[PDB]
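J.: My structure is below; once you've seen it, I'll send some questions.
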Amino acid sequence: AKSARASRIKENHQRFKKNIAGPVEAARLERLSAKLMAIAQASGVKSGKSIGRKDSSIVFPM
Amino acid sequence: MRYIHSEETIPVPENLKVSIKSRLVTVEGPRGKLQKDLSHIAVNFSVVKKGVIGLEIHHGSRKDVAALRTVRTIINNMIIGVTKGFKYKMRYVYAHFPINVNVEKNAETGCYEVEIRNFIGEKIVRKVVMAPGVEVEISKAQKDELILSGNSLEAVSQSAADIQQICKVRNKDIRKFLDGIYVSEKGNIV
Amino acid sequence: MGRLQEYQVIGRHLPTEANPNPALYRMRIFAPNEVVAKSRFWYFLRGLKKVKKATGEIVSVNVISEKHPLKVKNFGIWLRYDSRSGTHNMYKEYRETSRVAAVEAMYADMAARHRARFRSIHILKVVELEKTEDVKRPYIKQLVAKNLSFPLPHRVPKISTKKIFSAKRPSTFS
Amino acid sequence: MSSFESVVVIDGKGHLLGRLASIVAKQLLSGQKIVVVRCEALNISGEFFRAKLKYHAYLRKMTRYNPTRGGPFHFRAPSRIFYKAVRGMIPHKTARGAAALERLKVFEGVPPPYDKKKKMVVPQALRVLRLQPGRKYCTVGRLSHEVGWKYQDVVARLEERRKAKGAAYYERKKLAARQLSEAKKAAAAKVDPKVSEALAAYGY
Amino acid sequence: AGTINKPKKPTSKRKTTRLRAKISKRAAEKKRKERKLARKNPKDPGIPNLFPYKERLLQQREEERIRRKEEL
Amino acid sequence: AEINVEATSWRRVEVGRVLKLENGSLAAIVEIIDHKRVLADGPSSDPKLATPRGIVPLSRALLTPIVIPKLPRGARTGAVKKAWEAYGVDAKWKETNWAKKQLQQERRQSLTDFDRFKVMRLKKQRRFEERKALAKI
Amino acid sequence: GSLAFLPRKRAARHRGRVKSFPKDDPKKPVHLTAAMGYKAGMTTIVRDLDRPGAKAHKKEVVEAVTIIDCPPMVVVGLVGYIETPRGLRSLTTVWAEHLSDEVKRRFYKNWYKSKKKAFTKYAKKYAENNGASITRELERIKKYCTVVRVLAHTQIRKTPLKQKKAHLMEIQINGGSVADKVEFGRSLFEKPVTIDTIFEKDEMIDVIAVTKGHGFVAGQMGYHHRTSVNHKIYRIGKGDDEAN
Amino acid sequence: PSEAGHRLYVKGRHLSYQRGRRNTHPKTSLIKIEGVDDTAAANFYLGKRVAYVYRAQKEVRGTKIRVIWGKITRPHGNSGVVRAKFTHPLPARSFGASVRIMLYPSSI
RNA sequence: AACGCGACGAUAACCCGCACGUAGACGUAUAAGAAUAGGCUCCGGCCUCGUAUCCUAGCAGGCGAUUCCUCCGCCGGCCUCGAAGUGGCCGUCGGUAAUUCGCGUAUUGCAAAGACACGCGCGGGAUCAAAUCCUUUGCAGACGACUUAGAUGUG
C-alpha cells in the first residue's frame, strides 16, 4: 500500500482540495462572514492618529 | 598549462539588439526578448569588429576555454531563437484507445495547459503546465500531431521532454505496448 | 635548492712516482657553496670512476658568473631523475636571466610536479637556446609568441595583515 | 590598522566562516567588542553537499539517554552556527573564554540599532579576496533553511524593508553632498586666498 | 547513494599508539626481510629526442671517439 | 546590428607600459619574462623615481596609465632613456592623479606639530566660511 | 506506547492551548477561527446514510454524538502580533470598557476578599478622553501587525455549572487585510458572538480538551492535553427553540 | 570651553604573560600597543613607562584609583607586540585589559 | 528553557532611626546597496590606499571686552521611529575664539578629614494592592499538586 506521504497521494489530495472541497468551503465561509458582519454592525498627536511612544540585551552598556 | 589568452567570436545579424550589462546577456529581436544571466563563469566580452562579439579568457585553464566554447554555443542559440525561433513537431500514436489532447490558454499566469486523456484507457487526465513564452497548437496539416513553437530553445526542449516523460508506460512490455507521445521533428520556424 | 652558485671545480688524483701528472678532471656544479660543490664533485667522481677524495685533491674552485644577468632568455635542461621505478630522462624548458635561476626554477618544478629531491635529481646538461624555433614546449613558446600583451584580472590588493578591520570593501580591479 | 574601538560591527556577507570566526575569537581575547550581522549571509567554502553532509553528521551525533542534559543541542540558526564555530575556537570552559563569549554578540539580519551604524569588513576573510574564482561555495542561510531554520522568509522581508529605507537615506545623502559641494565652491569664492594657499601648502 | 542525507559510521583518523607501534615493528621486519632476500640472491636511456641540439651532441661524441682513436 | 557591451577595461602589460614599484619609483617594461615576472627599468633623472634595470614582480608592481608609444623590445638603457625623455614620462607622472596622492601623503607626513596647530586654526577659519555659506544654501 | 506522546506529562493548563491556527490569505472574507463550549454529554442519533458506495447506503445508521453546550461568547479585547526573526510576538493589546464581573474573576484569584480594582484605571483611561491613546494603540495594530486575535470569553453565569469564573481565549481573525480585520474586531468589541456565527452546519473541525486523569488506581496516567482532529458537527441547536 | 582631550599616553592591551604552551611566567607581561605593528615601532616604544589603572572599591588616599607601574623593555615577535616588566605582576584577570604607555623618558 | 522572551492588569507611598557612595571609557565620533571578468558619479568626471572624513585652542579650561550669528544642549508643538523602537523640523531658553585683545595661573619647588545635594541601602511604625495558610468544592489527586466557591449574592 502507498504511504500516506506518497507523492502520488499528495498530488491527488491537492487536486481534490482545489476541485471539490474548494467551492463548498468558499460558500460556507461566505455565509459565515456575512453573518459575522451582520452581528458586527448589529491635532494628530492630540487625537492619536500619529503613533507615539507608549506611556537592552541588544546593545552593549555605554 | 595556464594558457595566457584565448578568444572566440560570435557573429550577430543585422536585425538584433544585444546588450551585456554585467553578465546579463539580453538579446532583442522581432519575436521578443531573451535574457540570460551568465554570472557563473569568468569571461571578458568585447565587440571585436562591427558585428562580431569577442568572448575571451586571460590566464585560464582548459576547463575555462571549454566554458568559453559552451557559452559561445548558448549565445548562438539565443541569437538563432530571436532570429528564426524553434519548432518541435510532436507526434502521438495509439493502438486501440485514441488519445485525446486539448491545449488551453490559462489566462491567469498567461500560460498554456495541455491535457491528455484516454492514454491506454486510464481515466486519469494528465495535465501538463506549459513553459512561458512558447506556444502550442494542434496541427491541422497532419493527424495525431502537435506543434510546439517558441523563442527559447531550452524552454521548448524542456517542455517537449516533459510531455514525452509524462506520457510514459508503466509495468508493461514496451515491445508490445507502443502507445505514447513522441518527438518527430526539430527545426526552425523559418 | 637555495640561492645557488655555479662552480667550476677542477680536481686531480694525488701525484705518484709511477703515474705523475694526472689528467686534471673538471666539472660544473650547482651548489649553495664551495664545500657542497666539492662534496658533489667527489660524489660524481667516485660514482663514475675509481678516483676518491682520499686519493685526490681539488686544485681549483671558481665561480661562473652569468655572462648577461640583465637579459631574459630561454634554457633547455636535460635531466635524469631517479624514481621508485628507475632512472627517467626528461628535457624541460625555462625562461630566466641566469643559469642559476634556471636551475632553481628547475628544482622547484621538479619537487612540485614529480616529488624529486636534490639527491634524486642529476643535472645532465643545461643549454641556452641560441635562436628561436628551438622552443618545443608550449608553456615557453606561448611567452615567445609575438607581441604578447595580456591583462591581470582579479588582482587581490595588498592589505596589511595587521589591519584587521576595513571600513570599505576591497576592490579587485588593479 | 591596529585601531581600538568601542565596538566593531562586521557585515557577514562574503566572509569565510572559519577565518572570520578565528579573527573574531582573537579580537575577543584581546578585549575588543565584536558584533556580527548577516550571519545568514555568511559563506562557507567547499560544496553545499559537503556542508550538508557534515552538519547532518553533527545532527547524527546524539546522546543515548534523554537529549536534555549533556546532549549535543543542534542549533539550526546561522547565527548559532557562527556561535558554535567561535565557541569551538574559544576556551569556553574557562572564565576568560566566558568573558570573550559575553563580549561577542551575533544576530541574523540587521536590527535598527546596528542598521543605523557603520559596518566593517575583514579583508583576510572575504570570499572574493580569498577563494579562487573557479571554486564553488555555499550559503550558511541556505544550509540552515534546508536543515530546519524556520525564519529565512522573515529576515527576507525585514531585509527588503531595510533596503528601501537605506535607499531613501542614500537619496538624502546625495542631497547633502549636493549642498556640501556647492557650499565648498561658493565659500571658496571668497576664502581669503592667503589662508587658502596656506592649506594648499600644508596639504589639506 | 543516500550518504548525503544519512551519513554512516565515521572512519577515525586519530591513530592509536598501539597501531602505530605495530606498523613500525612490522615495517622494520619488512626491511629486514627485503635485506635477507637481497643477500640470498639466487642500459642508458640516452639523449632525449626533443633536445634541440641532439645532433650537435652526437657530432661531439663522434669527434671525441675520433680523438680517442688518434690518441690510442 | 547594435552591440552594447560594458565589460572591465583592464590595463595591458606590454613593452612600454610604465609601472610604479612599492618603493615609489617608476620603471618601463622592456620585455615580459612570465605571467608573473617582467624585466623593467626606469632611467629617470630624478633620484626618487629612478629604477635600476632588473626583474620586477607583477605582484609588487602597480600598472600606471602612462605607456611608452613604440618602445622596441629589448631596448637597452640608452634607448629606454631616450624614449623616456622624448615622451616626457616625468611630466605625465607629475600630472598623474596617483602622484598627487603621493605628494599629499608625503606632505601630511612631513607636517610638524606647530604646522598641525596652524592647520587647526586655518581649517577652523575656512570651515567658518563654509558653515555660513551652507546655511545660505 | 507512541513516542510522540511520551513521557506522560500533566496538562500545564486546565483550559487547553490552541497552538496552531489555519494559515492566512487576504483573499477570503473576514472570519474568526475558534470558539469554546462545555462538554455536556452524549446522546444517540439515527441517520439516513448518504454515503455512495457504502454497504449501509440509504439505510438507518445508529451513532453516538457529543453535546457541547455553547453559550454566546463576548468579545472583550483585540491583540496585535508582529512577525520577528524570533517568531511571532505580542506587539500590543487593547481591552474593552465595562469588562464583565466574570472576566474580572479570571483576572483575580481570591475574588471574595479582594476589593475590585482591576482595569479600573484602564476604564478611566477610556472614559477621560484618552481616546488619543486608544486610537494610538489601534493605529499601531493596523500599521505594524500582521496577525490579530480577538479575546473572547465564555459565560458560566449562563452555563448550568456551580462555577462562576469565566473562560478566556484568543481567537485569530483571518481572511482580509490587517486594517479590515482590526476594524472588524473594533466593531466586535462588547457584542456576543453565537456559534451560528462562528461555526456552521454539517462541518468538520478540530477539538481541543484535556483527557481525564485516571487517578487513585509508571507515573501520570491521564489528564493529558489532546487535540483530536476531524470531528464532524452534525447539528446546532438554539436553546430558545424548545424543538432542538 | 576647550571641548578637547587630555590624553598624553598611548593606549594598549595587556594580553598575557611570557608563556610557552603549558608554562607561564607572570613576572613579565605581553602588551599590544595601539597603532604599532612593526619591530621598528616597537623599538621606538622600547624603554618606556607603563601604568595600569584600576578601581578598588575603597579609598586609601581619598581615591579608589590604584596604579601599577612598569616599563616596556624589548619587543615581542614581529607583530609589534612588546614585552613589559612591572614592579608587581599584573593581576591575571587583566588579560585583555586597557593599559597606558607614557611618552617619557623621551629621546626626541 | 523550572537561570529564554513578549503584551497586559493590579501594587509599596509616607513617619522615625542609621549606612555607604565596572572582564575594564578617556574624541571609547563615522549607516547606502550591490559587483569584484566591475563599480561610483555632480554626467564634468572618478576608483590600489579609512595614509580618509568629522571633530580637535581657553584654570580639568576663569573674568571682561572685541566680535559673530556658527554650532551645542534642555524643554514644548508638529510629525516621525516596532526586528531586541527613535530621530528630524520648528519654536523658547542657556552656553558658544570665526576675529582680536587686557587681565589672573607660580613657592604643588626637576614626575611619584568641611557643608550641601542626590541615590542604593537596612531596623522599626503604618499604608495600599495582592498572594499563601483556613473552610468548601471534585472536572484531580502516592504525597505534594490541580478546578472551583467563601465580604449582599442567578451567593
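By convention here, the chains of the C-alpha cells are called A, B, ... in the order presented, each chain's residues are numbered starting at 1, and ligands are numbered starting at 1 in the order presented.
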Based on DSSP run over this structure's backbone, return all residues of region 7-37 of chain D in strand (DSSP E or B), as a list in words.
T.: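 Selection result, strand (DSSP E or B) within region 7-37 of chain D: residues 8, 9, 10, 11, 15, 16, 34, 35, 36 and 37 of chain D.
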J.: Could you list, as a list in words, the residues of chain B having an atom within 10 Å of chain D when counting only C-alpha atoms?
T.: residues 40, 41, 42, 60, 61, 63 and 64 of chain B
J.: Export, as a JSON list (two decimals), in the first residue's frame, the selected residues with N, CA, C and O atoms.
T.:
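Everything below was put into result.json:
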[["chain", "number", "residue", "atom", "x", "y", "z"],
["B", 40, "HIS", "N", 27.91, 32.90, -13.61],
["B", 40, "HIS", "CA", 28.59, 31.76, -13.01],
["B", 40, "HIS", "C", 29.92, 31.43, -13.67],
["B", 40, "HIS", "O", 30.61, 30.51, -13.21],
["B", 41, "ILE", "N", 30.31, 32.14, -14.73],
["B", 41, "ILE", "CA", 31.56, 31.87, -15.43],
["B", 41, "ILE", "C", 32.34, 33.17, -15.58],
["B", 41, "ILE", "O", 31.75, 34.26, -15.58],
["B", 42, "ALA", "N", 33.66, 33.05, -15.71],
["B", 42, "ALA", "CA", 34.53, 34.21, -15.86],
["B", 42, "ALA", "C", 34.88, 34.36, -17.34],
["B", 42, "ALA", "O", 35.66, 33.57, -17.89],
["B", 60, "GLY", "N", 43.67, 31.43, -18.01],
["B", 60, "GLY", "CA", 42.64, 30.46, -17.70],
["B", 60, "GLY", "C", 43.10, 29.05, -18.00],
["B", 60, "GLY", "O", 44.20, 28.83, -18.52],
["B", 61, "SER", "N", 42.25, 28.09, -17.66],
["B", 61, "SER", "CA", 42.59, 26.69, -17.86],
["B", 61, "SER", "C", 41.79, 26.10, -19.03],
["B", 61, "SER", "O", 40.95, 26.77, -19.66],
["B", 63, "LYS", "N", 39.53, 23.86, -18.74],
["B", 63, "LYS", "CA", 38.13, 23.90, -18.33],
["B", 63, "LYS", "C", 37.52, 25.26, -18.64],
["B", 63, "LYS", "O", 36.36, 25.36, -19.06],
["B", 64, "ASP", "N", 38.29, 26.33, -18.45],
["B", 64, "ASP", "CA", 37.79, 27.67, -18.73],
["B", 64, "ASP", "C", 37.54, 27.88, -20.23],
["B", 64, "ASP", "O", 36.54, 28.49, -20.62]]
J.: If we count only C-alpha atoms (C1' of nucleotides), what is near residue 98 (chain I) at a cut-off of 8 Å, once residues fewer than 3 positions away on the same chain are taken out, given as a PyMOL selection string?
T.: (chain F and resi 124-125+128) or (chain I and resi 68)
J.: Step one, run DSSP on the backbone; step two, keep only residues of chain H assigned to alpha helix (DSSP H); then write them as JSON, numbers by chain.
T.: {"H": [39, 40, 41, 42, 43, 44]}
J.: What is the distance between CA of residue 178 (chain B) and CA of residue 143 (chain B), in Å to one decimal?
T.: 17.5 Å
J.: Return as a PyMOL selection string the residues belonging to chain D that are within 7 Å of chain H, counting only C-alpha atoms.
T.: chain D and resi 1-4+29-31
J.: Pick from D:5, D:146, D:153, D:197: nearest to chain C, with only C-alpha atoms counted?
T.: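 For chain C, the nearest of the candidates is D:5.
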J.: May I have the residues within 10 Å of residue 221 (chain G) as a list in words, using only C-alpha atoms (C1' of nucleotides) and disregarding those fewer than 2 positions away in the same chain?
T.: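 Skipping anything fewer than 2 positions along the chain leaves residues 8, 9, 10, 212, 213, 214, 215, 217, 218, 219, 223 and 224 of chain G.
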J.: Write out as a list in words the residues lying within 10 Å of residue 186 (chain G), counting only C-alpha atoms (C1' of nucleotides) and excluding same-chain residues fewer than 3 positions away.
T.: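 Final neighbour list, sorted by chain and number: residues 40 of chain A; 75, 76, 77, 78, 94, 96, 138, 150, 180, 181, 182, 183, 189 and 190 of chain G.
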J.: Please find the residues of chain I near chain A - the criterion being any atom within 9 Å, counting only C-alpha atoms (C1' of nucleotides) - and write them as an MDAnalysis selection string.
T.: chainID I and resid 25 78:81 84:85
J.: Do you know which residues are at most 9 Å from residue 196 (chain G) counting only C-alpha atoms (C1' of nucleotides), after dropping those on the same chain fewer than 4 positions away, and could you put them as a CSV table (one decimal) with N, CA, C and O atoms, in the first residue's frame?
T.:
chain,number,residue,atom,x,y,z
A,32,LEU,N,-20.8,32.5,6.4
A,32,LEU,CA,-20.3,32.7,7.8
A,32,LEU,C,-19.8,34.2,7.9
A,32,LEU,O,-20.2,34.9,8.9
A,35,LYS,N,-22.8,36.6,8.1
A,35,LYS,CA,-23.4,36.6,9.4
A,35,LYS,C,-22.5,37.3,10.5
A,35,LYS,O,-23.0,38.0,11.4
G,200,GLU,N,-20.8,26.5,11.6
G,200,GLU,CA,-22.0,26.3,10.8
G,200,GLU,C,-22.3,24.8,10.7
G,200,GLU,O,-21.7,24.0,11.4
G,201,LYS,N,-23.3,24.5,9.9
G,201,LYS,CA,-23.9,23.2,9.9
G,201,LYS,C,-23.0,22.2,9.3
G,201,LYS,O,-22.1,22.5,8.5
G,236,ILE,N,-26.6,22.1,15.1
G,236,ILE,CA,-26.5,23.2,16.0
G,236,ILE,C,-27.9,23.5,16.6
G,236,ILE,O,-28.8,23.8,15.8
G,238,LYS,N,-30.5,25.6,19.3
G,238,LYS,CA,-30.7,27.1,19.6
G,238,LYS,C,-31.1,27.4,21.0
G,238,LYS,O,-31.1,28.6,21.4
J.: Rank nothing, just name the residue among G:142, G:86, G:225, G:104 nearest to chain D, using only C-alpha atoms.
T.: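 Looking only at the distances to chain D, the closest residue turns out to be G:86.
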J.: Can you pull out the residues contacting residue 43 (chain F)? Cut-off 7 Å, using only C-alpha atoms (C1' of nucleotides), and skip same-chain residues under 2 positions away; I want them as a list in words.
T.: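 Close residues of residue 43 (chain F): residues 41, 45, 50, 51, 77, 80 and 81 of chain F.
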J.: Using only C-alpha atoms and a cut-off of 12 Å, which residues of chain G sit close to chain D? Please list them as a ChimeraX atom specification.
T.: /G:6-7,82-88
J.: Show me, as a PyMOL selection string, every residue of chain C with an atom at most 7 Å from chain I, counting only C-alpha atoms (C1' of nucleotides).
T.: chain C and resi 153+157+167+171-172+174
J.: Tell me, in Å to one decimal, how far CA of residue 139 (chain C) is from CA of residue 54 (chain F).
T.: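 Separation of CA of residue 139 (chain C) and CA of residue 54 (chain F): 22.7 Å.
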